[PDB]
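Take a look at the letters that make up each chain.
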Amino acid sequence: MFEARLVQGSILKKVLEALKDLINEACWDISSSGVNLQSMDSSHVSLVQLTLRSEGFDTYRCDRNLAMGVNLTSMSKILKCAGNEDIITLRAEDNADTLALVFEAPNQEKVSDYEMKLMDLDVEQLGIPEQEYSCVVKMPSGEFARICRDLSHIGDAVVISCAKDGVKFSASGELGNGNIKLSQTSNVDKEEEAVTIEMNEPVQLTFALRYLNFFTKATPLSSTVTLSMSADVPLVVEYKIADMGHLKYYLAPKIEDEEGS
Amino acid sequence: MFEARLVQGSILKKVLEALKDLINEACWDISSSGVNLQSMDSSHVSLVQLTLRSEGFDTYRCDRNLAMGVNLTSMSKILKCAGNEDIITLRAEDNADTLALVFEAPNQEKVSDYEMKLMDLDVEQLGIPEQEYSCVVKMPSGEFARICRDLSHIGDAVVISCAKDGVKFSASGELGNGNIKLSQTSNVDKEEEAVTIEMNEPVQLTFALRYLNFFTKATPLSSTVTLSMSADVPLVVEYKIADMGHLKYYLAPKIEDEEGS
Amino acid sequence: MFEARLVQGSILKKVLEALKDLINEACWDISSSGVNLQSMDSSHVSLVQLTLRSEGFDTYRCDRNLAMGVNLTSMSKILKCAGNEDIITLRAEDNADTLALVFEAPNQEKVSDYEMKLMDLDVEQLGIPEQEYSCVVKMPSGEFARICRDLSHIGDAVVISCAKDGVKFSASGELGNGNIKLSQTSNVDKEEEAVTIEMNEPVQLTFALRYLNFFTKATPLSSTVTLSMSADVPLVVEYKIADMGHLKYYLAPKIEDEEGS
DNA sequence: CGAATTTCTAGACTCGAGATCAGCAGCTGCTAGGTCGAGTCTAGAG
DNA sequence: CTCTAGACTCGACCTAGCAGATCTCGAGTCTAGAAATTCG
């Protein structure tokens, strides 16, 4: 039997907002120790993983692990209506093909009741292999969002250069080219200002800007975003949702020969 | 000869903002007791009644009771150019020639003025009957607006029942079914953020959500709003215009088709 | 080599988004006195002249005076990426046809470097016959912007007949007519609201308000319009660039003989 | 600092013009119109 | 009186569509979402 009580409904609001456009349908896996979400893009290049644990949840109970197939557009539409301060009372009736959602109120005089129809999908599991990443960078989410948004205007692809003098983003296009660079900040002890960089070997890659723009939408979830990559491996973008879990992104680097044509 | 000083022109601004998207023509019955307006919708489904009291205006005088037909869409278009805190002394000539507007400024430093023509139209008078209603509910207007706007995401008809503990706002859209119940609380000392119902006999009806969304456009007029309905009786929505008067909204319930057969 | 270091990049941003919708290519003149710009419009109706005195720059140097051709729409887009409080370092080097732009964070933590390509153009000298003016007014920019925007609703031709007691911004249209009148007041302690007018000869003309809508975009630069007007002379409105200089705007009044057919 | 307000922007919708297409008739000769190059008139200087 | 250079005229010369249905496309309009602003 599945029940779930959450205090900060804004967390679910932000999660569904971030996941709304990149993915439309997903297999909502549920465990007895937490919630796991892993699906894939229609264009089949980007991979998303979610790790909503159970301890952070106010009330968690799952007798048997299930797997719900649910339209993410419907979840976003429903969840946006509820306010950003209510109480989430997620509950799934066993084999009922329906997920029950209940919204309370801080003053406890108005409650919400919504029912929506599950959609049966094909469960596809892809065990992600782990490996070291040469360049590891953590830096404030807002600056990253602004950087990606600005570089969107100029061109279409970005050349990350994890140079030891500070990361130097670079773009190009028929309207000229630009390159924004930062510096390793050590004096400021504030985490919301850290530009901490981990260096193993200089690297250089390339990624489509539109997918990075899509990825940056999860900014309200947290202030700090971590980057990691290495030679010819998919990009790692990490978001930390307080303590109930972490949200990750995976983007496959472009090929240099794609610039030739 | 007609004159009417309106110190709070914003009230009439919002009034025309509300009525604009429903009925495009109206014959304005003017009397020494005040200004009257009654017009029935284009689709012949809903009726709109408006009442203005003479004593509310700072200055108001009507030698002979008047009636003019005038477009409201252009009226609203020119009103949208007015400031939110202007002073209006709406005046019209004794001869049925045109319409005069006396736009002003709070600092008495600049004055605007517009001229509009009038078109004679049929004075189609329909006898409104006066009957009591089994169920009458008062409830904060913002909550009603939010409820209707949210339910618009689901379907086109909402089942409503004046329940023992409150109301039964619910709709069954193709995507799913959602229920919203309002706890009938009267222990609240301040009546503005409170709900109250007279319960006479159980009722159950349904309406059109698009028409409700159009109905709720007048939300900033007042904090409260009164609903009234009975068996096969058209639904009554009343908006209190501060001390100017009341705005009344009419909608017959959706006829229950013999879809069961 | 040409260098320009404007501390208040907001100024350049504002002038650029003001001119973006009127000129697609304009020659740029530099001088030890300062930068100059004069460019007649695309539709061959209005003229735009801009003064950029070098004394206003925190740092300026120009060995020899060149004439560069620069697009503007691309400049508007590229400068949109600039922040609101950054230090522009506009620089063109030697005979290279590339324009260098450098943005620095106020906290000097995010160093943005850009690049623009210029193209050669015809440098056409166009004489401006200076003369005296009959209807010359000084009046707050926001009021003029609001008036023109509101009158855009009424129609497409205004007729100012500058009044002995103020102005006569009257206009008409198929819907009707509207004559906003502003009383001339000089009993203002501060100069931010004065509407002082010099009146010597009667005057009245006609102009197109689409050009006026393009015309008023420069509102954020200052707050004191210095509109001047005289017998059958092209219309002139000037905005003061804080203390650096001025931006003059030129449009010939529409000939009423062309309204015969 | 949070929320309401206002403003802006971008995407969906509609309309008018331009292009394309599947089929026909059985014809290409005529009409409008634009260009262009050469003949020729005329004014000023020798 | 005659030679010569520029503008006007005339003749020559060329050339594009031939008929309806069907998309297609580009420009204009509206609205909803976003973002900036401001005030208590």
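Draft legend 1. Main features of the relation of the copies chain A and chain B. Mapping chain A onto chain B leaves a residual RMSD of 1.1 Å; the transformation is a rotation of 120° accompanied by 1.1 Å of translation along its axis. The symmetry that links the two subunits is that of a three-fold axis.

Draft legend 2. Highlighting the state of the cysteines. Enumeration over the complete set of coordinates arrives at 3 disulfides over all chains. Here A:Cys135 connects covalently by a disulfide to A:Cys162, the sulfurs 2.0 Å from one another. Taking the sign of the S-S torsion, about 80° here, the bridge from A:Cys135 to A:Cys162 comes out right-handed. Taken together, the positions of A:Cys135 in strand β10 (residues 135–140) and A:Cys162 in the loop between β11 (157–158) and β12 (179–181) put the pair 27 residues apart, joining distant regions of the chain. For A:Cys162, a relative accessible area of 2% gives the class buried. A:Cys62 carries a free sulfur, and the closest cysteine sulfur to it, the one in A:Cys27, is 13 Å from it. Summary of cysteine pairing: B:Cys148 is not part of a disulfide, and the nearest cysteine sulfur, belonging to A:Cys81, is at 13 Å. Using a relative accessible area of 8% as the deciding quantity, one classes B:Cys148 as buried.

Draft legend 3. Geometry of the sheet that holds strand β13 (residues 166–172) of chain B. In space, the 8 strands of this open sheet follow the order β5(A)-β1(A)-β7(A)-β8(A)-β9(A)-β14(B)-β13(B)-β12(B), with antiparallel pairing throughout. One side of each edge strand has no neighbouring strand; the edge strands of this open sheet are β5 (59–62) of chain A together with β12 (158–159) of chain B. As judged from the 2 bridges shared by β12(B) and β13(B), these two strands associate in the antiparallel manner. Of the residues in β13(B), the one forming a bridge with B:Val159 is B:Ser170.

Draft legend 4. Summary view of the packing of aromatic side chains. Taken as a whole, this structure holds 15 aromatic pairs over all chains when the rule is applied. On the basis of an interplanar angle of 65° and a centroid distance of 4.4 Å, the ring pair of B:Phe215 and B:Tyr249 is categorised as edge-to-face. Linking B:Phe215 in helix α4 (residues 209–215) with B:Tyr249 in strand β18 (residues 245–251), this pair joins segments that are 34 residues apart in sequence. Note on accessibility: B:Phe215 and B:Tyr249 belong to one class, buried. Plain terms: the ring middles of C:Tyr239 and C:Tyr249 are 6.5 Å apart, the flat faces sit at 90° to each other, and that makes the pair edge-to-face. Placement of C:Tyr239 in strand β20 (residues 235–241) and of C:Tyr249 in strand β21 (residues 245–251) is noted, with a sequence separation of 10 residues between them. Grouping residues by exposure puts C:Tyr239 and C:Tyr249 together as buried.

Draft legend 5. Focus on the interface of chain A and chain B. In this complex, chain A contributes 14 residues to the contact, which on the side of chain B involves 16 residues. For the pair chain A and chain B, the summed buried surface comes to about 1,200 Å²; carbon and sulfur atoms form 45% of the total. Ranking the residues of chain A by area buried against chain B places A:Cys81, A:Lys110 and A:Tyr114 at the top, with a combined share of 37%. Where chain A touches chain B, the interface holds 0 salt bridges.

Draft legend 6. Representation of helix α1 (residues 9–19) of chain C within the structure. Residues and elements named next belong to chain C. Across the 11 residues that make up α1, a large majority, 8, are buried. For α1, the full list of buried residues reads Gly9, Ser10, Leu12, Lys13, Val15, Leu16, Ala18 and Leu19. Its buried side turned inward, α1 meets β3 (34–40), β4 (46–53), α2 (73–80), β7 (87–88) and β21.

Draft legend 7. The arrangement of a negative patch on the surface in detail. Taken together, the side chains of A:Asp232, A:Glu256, A:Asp257, A:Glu258 and A:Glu259 make up a negatively charged region of the molecular surface. Following the sequence through the fold, A:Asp257 ends up in helix α5 (residues 257–260).

Draft legend 8. Quick peek at the pairing of β21(C). Residue and element names in this part refer to chain C. When you tally the buried positions in β21, you get 7 out of 7 residues, the bulk of the element. One ladder, built from 5 bridges, connects β4 with β21; its direction is antiparallel. Note that in β21 the partner of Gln49 across the bridge is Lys248. The sheet contact formed by β20 and β21 spans 7 bridges and is antiparallel.

Draft legend 9. Main features of a positive patch on the surface. On the surface, a cluster of positive charge is contributed by A:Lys77, A:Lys80, B:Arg146 and B:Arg149. For the positive patch, the secondary structure elements donating two or more residues are α2 (72–81) of chain A together with α3 (141–151) of chain B. Relative to the elements of secondary structure, B:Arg146 occurs in helix α3. Note on B:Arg146: relative accessible area 34%, which makes it partly exposed.

Draft legend 10. View of unusual backbone geometry. Although it is not a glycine, B:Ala242 sits at a positive phi angle of roughly 45°. Examined against the element boundaries, B:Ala242 turns out to sit in the loop between β17 (235–241) and β18. Although it is not a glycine, C:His44 adopts a positive phi angle of roughly 60°. Here C:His44 is to be found in the loop between β3 and β4.

Draft legend 11. Examining the UniProt feature "DNA-binding region" in chain A more closely. Taking the numbering used here, the UniProt-annotated feature "DNA-binding region" corresponds to residues 61–80 of chain A. Annotated as 45% helix and 35% strand, the span residues 61–80 of chain A places its first and last C-alpha atoms 25 Å apart.

Cut-offs used in this document
Residues numbered from 1 in each chain as written, not as in the entry; some residues may be left out. Chains lettered and ligands numbered in written order. Heavy atoms only, no water. Least-squares fit on C-alpha atoms. Disulfide = S-S within 2.5 Å. Helix = DSSP H or I, 4+ residues; strand = E, 2+ residues; numbered from the N terminus. Buried < 20%, exposed > 50% of the residue type's maximum accessible area, 1.4 Å probe, protein only. Pairing = 2+ DSSP bridges. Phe/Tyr/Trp six-rings, centres within 6.5 Å; stacked < 30°, edge-to-face > 60°. Contact = heavy atoms within 4.5 Å. Buried area = accessible area lost by both parts, 1.4 Å probe. Salt bridge = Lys/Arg side-chain N within 4 Å of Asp/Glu carboxyl O. Patch = residues over 30% accessible without salt bridge, like charges linked within 9 Å, V, L, I, M, F, W, Y side chains within 5 Å. Areas by Shrake-Rupley, 256 points an atom, 1.4 Å probe, with all protein chains shown as cover. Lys, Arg positive; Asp, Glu negative; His and termini not counted. Charge placed at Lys NZ, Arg CZ, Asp CG, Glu CD. UniProt positions renumbered as here; feature names shortened; annotations may be inferred.

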